[PDB]
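As a plain string of letters, each chain reads:
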Amino acid sequence: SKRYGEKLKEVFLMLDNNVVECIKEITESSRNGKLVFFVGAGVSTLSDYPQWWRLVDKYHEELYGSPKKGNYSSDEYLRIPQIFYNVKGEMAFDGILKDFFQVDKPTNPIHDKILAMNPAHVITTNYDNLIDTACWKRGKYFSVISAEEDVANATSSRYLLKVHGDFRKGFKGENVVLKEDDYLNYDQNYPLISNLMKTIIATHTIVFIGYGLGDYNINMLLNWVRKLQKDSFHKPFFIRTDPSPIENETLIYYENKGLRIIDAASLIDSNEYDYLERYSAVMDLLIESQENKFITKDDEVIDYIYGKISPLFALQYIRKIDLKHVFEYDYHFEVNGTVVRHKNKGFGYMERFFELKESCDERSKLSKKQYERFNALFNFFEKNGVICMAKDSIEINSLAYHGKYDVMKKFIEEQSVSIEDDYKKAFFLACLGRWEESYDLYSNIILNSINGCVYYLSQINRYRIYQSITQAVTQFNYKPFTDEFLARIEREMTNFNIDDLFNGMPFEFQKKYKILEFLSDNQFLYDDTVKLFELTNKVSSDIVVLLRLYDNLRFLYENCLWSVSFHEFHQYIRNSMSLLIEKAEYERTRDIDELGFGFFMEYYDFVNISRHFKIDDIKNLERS
Amino acid sequence: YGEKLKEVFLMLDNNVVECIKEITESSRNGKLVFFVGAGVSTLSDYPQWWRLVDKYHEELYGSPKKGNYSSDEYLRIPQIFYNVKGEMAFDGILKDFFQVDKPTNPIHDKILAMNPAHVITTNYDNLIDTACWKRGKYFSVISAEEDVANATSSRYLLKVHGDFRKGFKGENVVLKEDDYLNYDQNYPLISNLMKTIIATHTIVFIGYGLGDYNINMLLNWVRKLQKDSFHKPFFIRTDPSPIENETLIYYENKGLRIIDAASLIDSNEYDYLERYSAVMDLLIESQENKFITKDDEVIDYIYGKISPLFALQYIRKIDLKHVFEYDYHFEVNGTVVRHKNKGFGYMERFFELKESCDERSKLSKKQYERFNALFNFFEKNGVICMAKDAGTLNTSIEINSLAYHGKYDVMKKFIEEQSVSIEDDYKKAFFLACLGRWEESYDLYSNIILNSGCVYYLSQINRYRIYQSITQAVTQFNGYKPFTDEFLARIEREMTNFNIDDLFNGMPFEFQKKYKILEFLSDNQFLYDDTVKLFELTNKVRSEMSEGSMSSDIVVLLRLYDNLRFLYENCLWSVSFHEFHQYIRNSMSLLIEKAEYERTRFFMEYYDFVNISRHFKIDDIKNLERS
């Protein structure tokens, strides 16, 4: 196991530059969710599924009473079943298919690797259910499309597209593409499936696995690709697992045809019959490239952390709990600024980054561009209060939080020099009650903002301020807002679904700014409200709760989000502060009981209590 | 005008009502794609193509045509001009005729207000682009072949005939006859994408004259498709004269569902904007409408909303407001309150049918059985009637789960018994989890997953939960070898890639619509509202603790019982969570404090004793004794 990992790392370090670039593109596409796997028959044979040549042999035996002397050609594989279908009855064909294919076979680890690569869709020429079984086990639901009618009623947005059909309806030759007749009339009999396959191939990054370079489907797809306009499509990737290394002439010939070939035999040395070894070699190379197990040098951890962090440079402050989602739970980011390795199995890039931060000599060894990127990363991390790993005071910079109303008015009066200044102006106007002007400014920003994170935040804030205006109008019934303005906002906000706002953003934004998705949710503080129960235990929790409250407040104020003014956030602040004070009082009473002679509140605590607590809530706090 | 549209709704034909129903359903599901023709662009006074044909005719022949242009002439005359006068003159005329800025008509905004999944347009103008940019709707605009691969979003604005974004050249658009002849060869990717979108969405045709070249080409392509292997596209016809019955029959048999604007409303034969706005508004204003007029419709709609929940043994009442999209508040005592139901009141009608047998009798047999099933569901879920009609209500609770009562002997007896159906397997897996045999519990849950959509999703969540608890138990023990290291390795291999957050998203949209309330089980959001509730009444009770003044304790107790019944009767492993136990402990502490106050001026029951014995620690009981 460990020897296999060391061998894989050695192979990657000696990998060709072209194969390295192909692996990088495949991993990037998988991260973006644009990856699709075209699964061939080799993956099925890896699970000992009955190969088609066995069926051809059975049909030949039934036709002539003896297996053919020699080897079938490519045309015979489709002709002999056709001859059996014609001269013999269709019932015999279907019965032989049932006798040969109604078997139960386990799913090979290659299916698990393909699924762990996170493909958007899976296109397969296999008529078996092995990939269906693997997807069913792994919990990723795929809309299995194997007939013409399945295309119209597709349940989900991700497809298990069996372009050659399967035996779900039954072990009948009419449901699959086996005979030469089926291949001849495939376009006529499967228009929708072929169109869907071509659309998926055009709109996604295709990786071919389980196919030979001389396969019928591969050549047909290359012929169709030949019809496309030059450079109007992405060249599909082809994983070649044949025992012998691919010839250079064949390699260049097929690369000119549009296939970027990663050849398993060229990467590692394996036995002639060890197909699973080569399949696992390629798939594991891709997976450990995804898992960052091949990052072995500095100025490369810098690139990865920069790719993860640089989109967040637009945002003023990032919650520590958001950094967990930024790195996909690779590290736990404690509120006190300490980082802990949590779930990453590859290189410890955060530890290397902190080592670079601590010692200047190792930092100097980086490249110039990587040195500047590290400088930006260090500024970002120190600004967000990330210091070092576990083994090694709140401050909110927002005029709205401190109630500097005159300064907010002054900032509003000046002329904005950037879109971010307009965003801050709109938030300040919202905090000052000028909600009509806030809505107009947010609409203007939305118009002029198409990273596009300011656009998303402006849409969120505009919906929030529209809800605030609606609730104020409902509770008032004075006319602070003209009826024309109310009608205009109603006509603008009708059928406006905030739930689909994030999904309508570009997928590059949806990958770079996953941590903002919670802003479109109706409720986003359920987690902290739930962990507030630890303060009710009667048997540190208080400091982490207070620091998380400070993190939420700083994120909502520094980034200028109107959701800070809603009832849910006020309720969360009230509950957290009340529970903290009650727990401190309980600790004081327990100590005075056991000893016989707690909470230290600061300016920020006073501001939070003043802004979020009602008079009744403060009365309850004093009474209890 | 709005009341005129309501009158049109009243006089709407049955088939038109059905078509509007499917269109609104597709819009709600996000599978609606709008096919915008040239009439919509013409509504904004955009230069029509016949003006360009006239200009080419004048430029080459020297005089305007005496008669009327035939269909082939619209493509032949520009082709002749391109062949003779060359490409430069063609592009110059195209530029001087098309580089105009035109305001977006309200029809564009009405199309966008339907939230289309995609907008396929034969127009080469940027009017839809401007409308999307103004409304704030982001659409990846695709007008060339290279734009298909470089799409920035999953929602496409597909200009199948191109546009002038690259420039005002004839090569960027499909105008002349040669462009239409070589369209399949010149635009393979765009045509493939259009065909795929049509196949995988609901298409509404707006702006076409039912005789356009594109409409007939799509009909010809549809003809080749397998019978009943596709959904019939909708065609909005906005011609002044009402469509003939024969023509309507001919086109409907060809794979079109035609909504005629001239049939719905009467307008002047030059008032095209009125004709477009009538159908667009009738589609828009039906988004909120549920098309509920008669009692059988009430029964059918409530059955459609409730029947997926028949798989679950019990449903939290507070969750029901999510089922009906916040139309009604379902209070914990069994009372319903009108919250956001703007249309006809189907819950009031259902209760009226329930109380009096006369209206229940005058129902269809299928609808009678549906109403009977709904009555059984609501009676078993504790929903009684509306708030106004509600009288005396008792806090009677029962939990029909062996795990809650701790019938460990019966637990093991049913465990050893052979399972009958997949529900029995699910219950047996929950019993294994409750019995401390998490190994066989995980194996049985994986077997249920393999053999399997409510049970599939519930078993996935339960399997993840027992994997988590196994990890925690192993960490605690090593921080005794209950589990073999081989089992730990296998479960770690199976579960490390699995993510519980996106499990609901990786579910069929039918499941994500029918079983929305189940999504909360993925995270602790399931306990959110109650927790928030559990806090506020606490403070309120504490206020009533000191000033000495339905009951708040009743609401807290009912929410507690609802949570317990939902988590136990549905056989969910979340009953073993620390957060859930803390919630139960806090609720019981508050209830006991209220009881202590009320005594010196409610009683402990069996279920209360079970909850205290299960979810409390010794220190909490000591604190309760002290206070």
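Positions are assigned from 1 on a per-chain basis following the written sequence, which can diverge from the numbering of the entry; residues without coordinates are not listed. The lettering of chains begins at A and the numbering of ligands begins at 1, in the order of writing. In this view the chains form part of a larger assembly, and all numbers refer to the visible part. Hydrogens and waters are ignored; side-chain quantities use all the structure's heavy atoms.

Structure determination for the deposited model, as stated in its record, used cryo-EM, and the stated resolution is 3.10 Å.

Residues belong to a common nonpolar core when they are buried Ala, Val, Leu, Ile, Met, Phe, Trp, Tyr or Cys residues joined through side-chain atoms within 4.5 Å. Partly exposed residues are those whose accessible area sits between 20% and 50% of the maximum for their type, while under 20% is buried and over 50% is exposed, using a 1.4 Å probe and protein chains only. With 209 residues, the main nonpolar core has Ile302 and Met347 of chain B as its most contacted residues. Contacts of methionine 347 of chain B, omitting those with residues within four sequence positions, involve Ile302, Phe324, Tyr328, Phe330, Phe378 and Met386 of chain B. Every residue pair with non-hydrogen atoms within 4.5 Å of one another is taken to be in contact.

Okay, the pairing of strand β6 (residues 237-240) of chain A next. Residues and elements named next belong to chain A. Covered by surrounding structure in β6 are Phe237 and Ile239 together with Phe238 and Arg240, the residues of both alternating faces. Pairing between strand β5 (residues 205-209) and β6: two bridges, direction parallel. Note that in β6 the partner of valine 207 across the bridge is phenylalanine 237. The handedness of the β5 to β6 crossover, carried by helix α13 (residues 216-227), is right-handed. Of the strand pairs in this sheet, β6 and strand β7 (residues 260-263) are connected by four bridges, and their pairing is parallel. The residue of β7 that forms the bridge with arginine 240 is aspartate 263. For the segment spanning β6, helix α14 (residues 248-256) and β7, crossover handedness is right-handed. Numbering of helices and strands starts at the N terminus; helices are DSSP runs of H or I of at least 4 residues and strands are runs of E of at least 2. Strand pairing is assigned whenever DSSP detects at least two bridges linking the two strands. A right-handed crossover is one whose linking path, passing over the helix from the first strand to the second, runs clockwise when the strands point away from the viewer.

Before going further, it helps to spend a moment on the sheet that holds strand β8 (residues 331-333) of chain A. Residue and element names in this part refer to chain A. Strands sit in the order β8-β9-β10 across an open sheet of three strands; the sheet is mixed. Strands with a single pairing partner mark the edges of an open sheet, and in this sheet they are β8 and β10 (388-389). Summarising the sheet, strand β9 (residues 338-341) and β10 pair through two bridges and their orientation is parallel. Its bridge partner lying in β10, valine 339 is registered against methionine 389.

By definition here, a salt bridge exists when the distance from a side-chain nitrogen of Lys or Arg to a carboxyl oxygen of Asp or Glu is within 4 Å. Taken as a whole and judged by the stated rule, the model has 76 salt bridges over all chains. Residue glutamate 437 of chain A is joined to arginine 434 of chain A by a salt bridge in which the shortest nitrogen-to-oxygen separation is 3.0 Å. The shortest N-O distance in the salt bridge between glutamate 519 of chain B and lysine 516 of chain B comes to 3.4 Å. Its relative accessible area of 37% is what places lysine 516 of chain B among the partly exposed residues. Members of the salt-bridge network, linked through shared partners, are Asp132, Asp150, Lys162, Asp166 and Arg168 of chain A.

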